[PDB]
Structure formats: C-alpha cells, structure tokens
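[1] coordinates for the following, if possible.
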Amino acid sequence: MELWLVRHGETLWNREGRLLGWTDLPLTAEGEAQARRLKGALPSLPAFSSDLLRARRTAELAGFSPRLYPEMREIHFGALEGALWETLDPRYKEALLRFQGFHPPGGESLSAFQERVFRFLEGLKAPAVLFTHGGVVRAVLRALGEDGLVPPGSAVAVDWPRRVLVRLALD
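    Numbering: from 1, shown residues only. Please see the structure below:
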C-alpha cells in the first residue's frame, strides 16, 4: 500500500536537541517555511495527521485538510519529555539508538509505540498522505530495514509493509 509519511516542520526543540514527544510545541518560522515548500510536492491523496499542533500545522500549510488521529503521535517520552539528548542516561541513549527496550517513567514503551503505529497503518485500506513525527517515520523505515532518520519537513513514500519507494527532501 503506497503511503507518504511526512515529518513535521522543525520546532525549537530540534535545534536545541531536546526529546519532543507529546509536548505540544509550535513550528518555528523555518518550520512553517518547510511546510509550505511541501505544497505541490505531495500527491493529492486522502490525508491523515497526528493531532499535535506541529503536525496539524504542517498538514495545513502543505495544503491538506487531514482527519486527526492521536495514534499518529510521536512516542510519549513521559518524564523524559523535554530532556536534553546530550545529558540523557546512557541506558536511554542506547535504547533509543538501537530502537529497543525503552520504557520511560510516566511514558510509553517503544514496543507499545510500535504496536500503536503499525496497528494504525494496518487500518489504512487505500493510499494516503500521513503527517506525522520523526519517531513514527523512523519506526516505519527501520521496520523496512533502512536508516529511519529524515530531515524535518521532509517526506518518504513506502509500499507498506514491503519497501521504501522514495525519500524527498527540499531546500
């Protein structure tokens, strides 16, 4: 199933290097610029989006009117929300780097996050554009055997659950 996943435009915590999960930050000026550049670069297909501000706004500026689903949200970092990556405990850094065995206090485990994301994707019965988060795109790309890191405001098209089709970044 052809699905286009879009990583929302940048927020302040991107340049600051802080874990951004359910903390509802707005897009930066550059983040909005990135979203605008997406208009005309994404296919005209039904759209869905995380209900968090940064995702919704990216969808809006990209020219879409998506149905909102909390299931498309970034992972909930719990007590680690806003934590500087730099000073994160080595065990947490490793868990996030290797994308496994991560369960922050008051948050969501990576395994629960994956189940949520993949269950949502399974429910899509036709091609669609999905405005979401870095961690969601990463989970999908990693499951397809590829490095899951993509720039803010960029997109990746996949034939779920078989292969990556294309990665699109704009300047």
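[2] from the centroid of the chain, which residue is nearest?
    Nearest residue to the geometric centre of the chain (C-alpha atoms, centre = their mean): residue 133, 1.5 Å.
[3] contacting residues around the closest residue to that one other than its chain neighbours?
    Among residues not flanking residue 133 along the chain, residue 74 sits closest, at 3.6 Å (C-beta to C-beta, 6 or more residues apart in numbering). C-beta coordinates here come from the backbone N, C-alpha and C atoms, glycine included. By C-beta atoms under 8 Å, 6 or more residues apart in numbering, the contact list for residue 74 reads 20-22, 50, 52, 132-136.
[4] element containing residue 164?
    strand 163-168 (DSSP states H and E).
[5] distance from the chain centre to that strand, please.
    15 Å (C-alpha atoms, centre = their mean, to the nearest Å).
[6] mind giving me the packing neighbours of it?
    strand 155-159 (3 or more C-beta pairs under 8 Å, 6 or more residues apart in numbering; DSSP states H and E).
[7] quick check: buried residues in the strand it packs on?
    Neighbour-count burial for strand 155-159, with 16 or more other C-beta atoms under 10 Å as criterion, is recorded at 155-158.
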